[PDB]
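K.L.:
The structure that follows is given in the form of structure tokens.
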Amino acid sequence: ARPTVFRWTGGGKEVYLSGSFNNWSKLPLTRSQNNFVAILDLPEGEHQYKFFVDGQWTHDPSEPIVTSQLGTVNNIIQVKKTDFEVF
Ligand SMILES: OC[C@H]1O[C@@H]2O[C@H]3[C@H](O)[C@@H](O)[C@@H](O[C@H]4[C@H](O)[C@@H](O)[C@@H](O[C@H]5[C@H](O)[C@@H](O)[C@@H](O[C@H]6[C@H](O)[C@@H](O)[C@@H](O[C@H]7[C@H](O)[C@@H](O)[C@@H](O[C@H]8[C@H](O)[C@@H](O)[C@@H](O[C@H]1[C@H](O)[C@H]2O)O[C@@H]8CO)O[C@@H]7CO)O[C@@H]6CO)O[C@@H]5CO)O[C@@H]4CO)O[C@@H]3CO
């Protein structure tokens, strides 16, 4: 598993990260310089995720997206051979 950085740049007061890698629970993100951020160790390969921003499910329009089998929009990224890549 490689350290991987998630960064929400869309603002807000309170932000959670939800994705396949935490079974779609809600991880509190840390405010840092107008970002909200978290760092997770993730195995190489695909992950889907989304944000929960002041009470509302939101994706990041600047990362790739896909429609899930539930019929919802997630971000989709590919963890590769780099430590602390920012998504
Ligand atoms: O919780 C896990 C989950 O979280 C994230 O989803 C959130 C999402 O981003 C939000 O937008 C919001 O979703 C609401 C949405 O906006 C509304 O449209 C509505 O959803 C309706 C759909 O429009 C409509 O498609 C229909 O859905 C039916 C499906 O067509 C059908 O396929 C089936 O769904 C089942 C799947 O086939 C199955 O794979 C399994 O789903 C899993 C996913 O594959 C998986 O990615 C993950 O889902 C994430 C998700 O990707 C995030 O975006 O977890 C799933 C395991 O549970 O299970 C399905 C059976 O439940 O069934 C449904 C109908 O039963 O109907 C809905 C009307 O509800 O409502 C949304 C509010 O719930 O919220 C979610 C988090 O709640």
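We label chains A, B, ... in the order they appear in the structure tokens, count residues from 1 in each chain, and number ligands from 1 in the order shown.
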Which residues, written as a list in words, have at least one atom at most 10 Å from stretch 67-71 of chain A, with only C-alpha atoms counted and residues fewer than 4 positions away on the same chain left out?
P.N.:
residues 48, 75 and 76 of chain A
K.L.:
Which residues are near residue A:32? Cut-off 12 Å, only C-alpha atoms, ignore same chain within fewer than 6 positions. Put them as a list in words.
P.N.:
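Near residue A:32, the qualifying residues are residues 6, 7, 8, 9, 11, 13, 14, 15 and 38 of chain A.
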K.L.:
May I have the residues from that selection written out with N, CA and C atoms, as a short mmCIF file (atom, residue, chain, number, x, y, z; two decimals), in the first residue's frame?
P.N.:
data_model
loop_
_atom_site.label_atom_id
_atom_site.label_comp_id
_atom_site.auth_asym_id
_atom_site.auth_seq_id
_atom_site.Cartn_x
_atom_site.Cartn_y
_atom_site.Cartn_z
N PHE A 6 -5.52 12.82 -0.78
CA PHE A 6 -6.76 13.33 -1.33
C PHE A 6 -6.93 14.76 -0.92
N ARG A 7 -7.29 15.60 -1.89
CA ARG A 7 -7.36 17.04 -1.67
C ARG A 7 -8.63 17.62 -2.28
N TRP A 8 -9.50 18.16 -1.44
CA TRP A 8 -10.70 18.81 -1.91
C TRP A 8 -10.45 20.34 -1.99
N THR A 9 -10.57 20.89 -3.20
CA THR A 9 -10.29 22.31 -3.43
C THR A 9 -11.57 23.16 -3.59
N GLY A 11 -13.86 24.04 -1.52
CA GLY A 11 -14.27 24.85 -0.38
C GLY A 11 -15.35 24.21 0.45
N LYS A 13 -17.23 24.20 4.74
CA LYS A 13 -16.88 24.28 6.15
C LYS A 13 -16.39 22.95 6.69
N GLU A 14 -17.04 21.88 6.25
CA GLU A 14 -16.80 20.56 6.80
C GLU A 14 -16.88 19.50 5.70
N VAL A 15 -15.84 18.68 5.58
CA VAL A 15 -15.71 17.77 4.42
C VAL A 15 -15.24 16.37 4.83
N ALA A 38 -6.60 14.52 3.22
CA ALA A 38 -6.25 13.32 4.01
C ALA A 38 -5.20 12.51 3.28
#
K.L.:
Could the residues of chain A that have an atom at most 8 Å from ligand 1 be listed as CSV, each with its closest atom pair and the distance in Å to one decimal, counting only C-alpha atoms and all ligand atoms and ordered by chain and ascending residue number?
P.N.:
residue,atom,partner,partner_atom_place_in_ligand_line,distance
A:18,CA,ligand 1,4 (O),7.5
A:19,CA,ligand 1,52 (C),7.2
A:20,CA,ligand 1,46 (O),7.2
A:23,CA,ligand 1,2 (C),7.4
A:24,CA,ligand 1,2 (C),5.2
A:25,CA,ligand 1,1 (O),7.7
A:48,CA,ligand 1,51 (O),7.3
A:49,CA,ligand 1,52 (C),7.1
A:50,CA,ligand 1,53 (O),6.5
A:57,CA,ligand 1,10 (C),5.4
A:58,CA,ligand 1,9 (O),6.9
A:59,CA,ligand 1,9 (O),7.9
A:67,CA,ligand 1,51 (O),7.6
A:68,CA,ligand 1,51 (O),4.8
A:69,CA,ligand 1,44 (O),4.3
A:70,CA,ligand 1,34 (O),3.9
A:71,CA,ligand 1,25 (O),3.9
A:72,CA,ligand 1,53 (O),4.8
A:73,CA,ligand 1,53 (O),5.5
A:74,CA,ligand 1,53 (O),5.2
K.L.:
Just write the chosen residues, N, CA and C atoms, as an mmCIF file, in the first residue's frame.
P.N.:
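Resulting contents of out_31.cif:
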data_model
loop_
_atom_site.group_PDB
_atom_site.id
_atom_site.type_symbol
_atom_site.label_atom_id
_atom_site.label_comp_id
_atom_site.auth_asym_id
_atom_site.auth_seq_id
_atom_site.Cartn_x
_atom_site.Cartn_y
_atom_site.Cartn_z
ATOM 1 N N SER A 18 -15.329 9.716 1.194
ATOM 2 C CA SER A 18 -15.979 8.396 1.165
ATOM 3 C C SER A 18 -15.519 7.665 -0.103
ATOM 4 N N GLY A 19 -15.176 6.389 0.004
ATOM 5 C CA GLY A 19 -14.770 5.628 -1.216
ATOM 6 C C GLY A 19 -14.752 4.129 -1.061
ATOM 7 N N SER A 20 -14.428 3.429 -2.148
ATOM 8 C CA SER A 20 -14.415 1.990 -2.107
ATOM 9 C C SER A 20 -13.436 1.544 -1.020
ATOM 10 N N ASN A 23 -15.030 1.292 2.420
ATOM 11 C CA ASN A 23 -16.390 0.770 2.346
ATOM 12 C C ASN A 23 -17.450 1.845 2.436
ATOM 13 N N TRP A 24 -17.184 2.978 1.778
ATOM 14 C CA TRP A 24 -18.138 4.067 1.681
ATOM 15 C C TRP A 24 -18.613 4.617 3.058
ATOM 16 N N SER A 25 -17.696 4.663 4.010
ATOM 17 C CA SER A 25 -17.914 5.435 5.219
ATOM 18 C C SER A 25 -17.363 6.815 5.008
ATOM 19 N N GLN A 48 -12.632 4.103 -6.379
ATOM 20 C CA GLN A 48 -13.692 5.138 -6.511
ATOM 21 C C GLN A 48 -13.904 5.866 -5.198
ATOM 22 N N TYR A 49 -14.283 7.123 -5.290
ATOM 23 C CA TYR A 49 -14.513 7.936 -4.096
ATOM 24 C C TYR A 49 -15.310 9.165 -4.474
ATOM 25 N N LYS A 50 -15.727 9.893 -3.468
ATOM 26 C CA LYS A 50 -16.579 11.039 -3.640
ATOM 27 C C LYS A 50 -16.377 11.839 -2.345
ATOM 28 N N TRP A 57 -23.473 15.172 -0.955
ATOM 29 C CA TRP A 57 -22.601 14.330 -1.748
ATOM 30 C C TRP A 57 -22.153 15.080 -2.976
ATOM 31 N N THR A 58 -20.839 15.136 -3.182
ATOM 32 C CA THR A 58 -20.268 15.894 -4.302
ATOM 33 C C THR A 58 -19.050 15.178 -4.854
ATOM 34 N N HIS A 59 -18.914 15.163 -6.175
ATOM 35 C CA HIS A 59 -17.656 14.758 -6.784
ATOM 36 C C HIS A 59 -16.771 15.980 -7.173
ATOM 37 N N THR A 67 -19.943 6.355 -13.609
ATOM 38 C CA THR A 67 -21.256 6.037 -12.999
ATOM 39 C C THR A 67 -21.214 4.673 -12.328
ATOM 40 N N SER A 68 -21.528 4.648 -11.037
ATOM 41 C CA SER A 68 -21.498 3.406 -10.284
ATOM 42 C C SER A 68 -22.703 2.558 -10.641
ATOM 43 N N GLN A 69 -22.738 1.336 -10.106
ATOM 44 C CA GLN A 69 -23.842 0.409 -10.358
ATOM 45 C C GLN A 69 -25.092 0.795 -9.593
ATOM 46 N N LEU A 70 -24.922 1.630 -8.577
ATOM 47 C CA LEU A 70 -26.053 2.215 -7.873
ATOM 48 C C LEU A 70 -26.707 3.338 -8.693
ATOM 49 N N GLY A 71 -26.023 3.790 -9.749
ATOM 50 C CA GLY A 71 -26.535 4.906 -10.563
ATOM 51 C C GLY A 71 -26.191 6.237 -9.932
ATOM 52 N N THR A 72 -24.919 6.394 -9.569
ATOM 53 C CA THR A 72 -24.428 7.618 -8.941
ATOM 54 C C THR A 72 -23.073 7.958 -9.555
ATOM 55 N N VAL A 73 -22.630 9.187 -9.368
ATOM 56 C CA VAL A 73 -21.330 9.615 -9.914
ATOM 57 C C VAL A 73 -20.244 9.588 -8.857
ATOM 58 N N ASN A 74 -19.178 8.842 -9.139
ATOM 59 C CA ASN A 74 -17.975 8.853 -8.321
ATOM 60 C C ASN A 74 -16.782 9.359 -9.118
#
K.L.:
Name all residues at most 12 Å from residue A:86 (count only C-alpha atoms; drop same-chain ones fewer than 6 positions away) and give them as a PyMOL selection string.
P.N.:
chain A and resi 2-9+35+37-40+63+77-80
K.L.:
Got time to write the residues from that selection, C-alpha atoms, as an mmCIF file, in the first residue's frame?
P.N.:
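selection-v3.cif written:
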data_model
loop_
_atom_site.group_PDB
_atom_site.id
_atom_site.type_symbol
_atom_site.label_atom_id
_atom_site.label_comp_id
_atom_site.auth_asym_id
_atom_site.auth_seq_id
_atom_site.Cartn_x
_atom_site.Cartn_y
_atom_site.Cartn_z
ATOM 1 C CA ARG A 2 1.270 3.483 -1.033
ATOM 2 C CA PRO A 3 0.622 6.791 0.786
ATOM 3 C CA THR A 4 -1.922 8.669 -1.342
ATOM 4 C CA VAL A 5 -3.159 12.214 -0.833
ATOM 5 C CA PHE A 6 -6.758 13.328 -1.329
ATOM 6 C CA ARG A 7 -7.362 17.035 -1.670
ATOM 7 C CA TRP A 8 -10.698 18.815 -1.909
ATOM 8 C CA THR A 9 -10.289 22.314 -3.431
ATOM 9 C CA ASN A 35 -7.843 22.713 0.950
ATOM 10 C CA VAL A 37 -6.897 16.901 2.869
ATOM 11 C CA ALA A 38 -6.246 13.325 4.006
ATOM 12 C CA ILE A 39 -3.459 10.865 3.446
ATOM 13 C CA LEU A 40 -4.227 7.147 3.138
ATOM 14 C CA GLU A 63 -10.681 14.255 -11.570
ATOM 15 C CA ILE A 77 -8.414 7.253 -9.801
ATOM 16 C CA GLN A 78 -5.549 4.853 -10.264
ATOM 17 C CA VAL A 79 -2.946 4.537 -7.605
ATOM 18 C CA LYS A 80 0.398 3.753 -9.204
#
K.L.:
Smallest atom-to-atom distance to residue A:82: which of A:62, A:55, A:45, A:30, using only C-alpha atoms?
P.N.:
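So, comparing all the options, the nearest one is A:45.
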K.L.:
Based on DSSP run over this structure's backbone, return all residues of stretch 2-70 of chain A in strand (DSSP E or B), as a ChimeraX atom specification.
P.N.:
/A:2-8,15-19,27-28,30-32,35-42,45-53,56-58,65-67
K.L.:
Convert the current residue selection to file output with N, CA and C atoms, as a short mmCIF file (atom, residue, chain, number, x, y, z; two decimals), in the first residue's frame.
P.N.:
data_model
loop_
_atom_site.label_atom_id
_atom_site.label_comp_id
_atom_site.auth_asym_id
_atom_site.auth_seq_id
_atom_site.Cartn_x
_atom_site.Cartn_y
_atom_site.Cartn_z
N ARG A 2 0.51 2.22 -0.88
CA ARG A 2 1.27 3.48 -1.03
C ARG A 2 0.52 4.66 -0.42
N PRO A 3 1.25 5.56 0.28
CA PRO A 3 0.62 6.79 0.79
C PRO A 3 0.06 7.61 -0.37
N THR A 4 -1.20 7.99 -0.26
CA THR A 4 -1.92 8.67 -1.34
C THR A 4 -2.66 9.84 -0.75
N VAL A 5 -2.57 10.99 -1.39
CA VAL A 5 -3.16 12.21 -0.83
C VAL A 5 -4.45 12.59 -1.56
N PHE A 6 -5.52 12.82 -0.78
CA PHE A 6 -6.76 13.33 -1.33
C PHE A 6 -6.93 14.76 -0.92
N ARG A 7 -7.29 15.60 -1.89
CA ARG A 7 -7.36 17.04 -1.67
C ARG A 7 -8.63 17.62 -2.28
N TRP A 8 -9.50 18.16 -1.44
CA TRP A 8 -10.70 18.81 -1.91
C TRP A 8 -10.45 20.34 -1.99
N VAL A 15 -15.84 18.68 5.58
CA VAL A 15 -15.71 17.77 4.42
C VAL A 15 -15.24 16.37 4.83
N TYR A 16 -15.89 15.36 4.25
CA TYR A 16 -15.57 13.96 4.50
C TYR A 16 -15.21 13.28 3.19
N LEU A 17 -14.29 12.33 3.26
CA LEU A 17 -13.96 11.49 2.10
C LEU A 17 -14.63 10.14 2.24
N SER A 18 -15.33 9.72 1.19
CA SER A 18 -15.98 8.40 1.17
C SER A 18 -15.52 7.67 -0.10
N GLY A 19 -15.18 6.39 0.00
CA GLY A 19 -14.77 5.63 -1.22
C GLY A 19 -14.75 4.13 -1.06
N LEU A 27 -14.70 9.69 6.14
CA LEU A 27 -13.47 10.05 6.82
C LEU A 27 -13.35 11.57 6.91
N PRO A 28 -13.24 12.11 8.14
CA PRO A 28 -13.08 13.58 8.28
C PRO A 28 -11.80 14.06 7.61
N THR A 30 -8.93 17.21 6.84
CA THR A 30 -8.32 18.30 7.61
C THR A 30 -8.22 19.56 6.75
N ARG A 31 -8.72 20.69 7.28
CA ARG A 31 -8.53 21.96 6.60
C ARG A 31 -7.08 22.39 6.60
N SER A 32 -6.59 22.75 5.43
CA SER A 32 -5.22 23.15 5.25
C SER A 32 -5.13 24.10 4.05
N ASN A 35 -7.57 24.12 1.28
CA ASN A 35 -7.84 22.71 0.95
C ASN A 35 -8.48 22.00 2.14
N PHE A 36 -9.16 20.88 1.86
CA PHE A 36 -9.35 19.82 2.86
C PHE A 36 -8.61 18.57 2.39
N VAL A 37 -7.83 17.94 3.28
CA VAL A 37 -6.90 16.90 2.87
C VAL A 37 -6.92 15.67 3.79
N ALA A 38 -6.60 14.52 3.22
CA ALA A 38 -6.25 13.32 4.01
C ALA A 38 -5.20 12.51 3.28
N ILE A 39 -4.42 11.75 4.03
CA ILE A 39 -3.46 10.87 3.45
C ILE A 39 -3.75 9.45 3.86
N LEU A 40 -3.90 8.56 2.88
CA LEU A 40 -4.23 7.15 3.14
C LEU A 40 -3.25 6.25 2.44
N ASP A 41 -2.93 5.12 3.06
CA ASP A 41 -2.17 4.06 2.38
C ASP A 41 -3.11 3.18 1.58
N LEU A 42 -2.94 3.17 0.26
CA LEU A 42 -3.83 2.43 -0.63
C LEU A 42 -3.03 1.54 -1.55
N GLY A 45 -3.76 0.27 -8.18
CA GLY A 45 -4.99 -0.08 -8.89
C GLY A 45 -6.08 0.96 -8.69
N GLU A 46 -7.30 0.62 -9.10
CA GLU A 46 -8.39 1.57 -9.16
C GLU A 46 -9.05 1.78 -7.81
N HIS A 47 -9.52 3.00 -7.58
CA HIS A 47 -10.39 3.30 -6.43
C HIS A 47 -11.41 4.29 -6.85
N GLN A 48 -12.63 4.10 -6.38
CA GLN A 48 -13.69 5.14 -6.51
C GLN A 48 -13.90 5.87 -5.20
N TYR A 49 -14.28 7.12 -5.29
CA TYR A 49 -14.51 7.94 -4.10
C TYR A 49 -15.31 9.17 -4.47
N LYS A 50 -15.73 9.89 -3.47
CA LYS A 50 -16.58 11.04 -3.64
C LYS A 50 -16.38 11.84 -2.35
N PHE A 51 -16.89 13.05 -2.30
CA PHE A 51 -16.83 13.84 -1.08
C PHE A 51 -18.22 14.07 -0.49
N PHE A 52 -18.26 14.29 0.82
CA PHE A 52 -19.46 14.69 1.50
C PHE A 52 -19.22 16.07 2.10
N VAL A 53 -19.75 17.11 1.44
CA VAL A 53 -19.35 18.50 1.70
C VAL A 53 -20.53 19.28 2.27
N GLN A 56 -23.73 17.34 1.88
CA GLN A 56 -24.09 17.05 0.47
C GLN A 56 -23.02 16.22 -0.28
N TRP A 57 -23.47 15.17 -0.95
CA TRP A 57 -22.60 14.33 -1.75
C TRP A 57 -22.15 15.08 -2.98
N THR A 58 -20.84 15.14 -3.18
CA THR A 58 -20.27 15.89 -4.30
C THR A 58 -19.05 15.18 -4.85
N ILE A 65 -14.41 10.73 -13.72
CA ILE A 65 -15.62 10.27 -13.08
C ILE A 65 -16.13 9.06 -13.76
N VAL A 66 -16.98 8.32 -13.05
CA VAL A 66 -17.64 7.16 -13.58
C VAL A 66 -19.01 6.99 -12.91
N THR A 67 -19.94 6.36 -13.61
CA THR A 67 -21.26 6.04 -13.00
C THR A 67 -21.21 4.67 -12.33
#
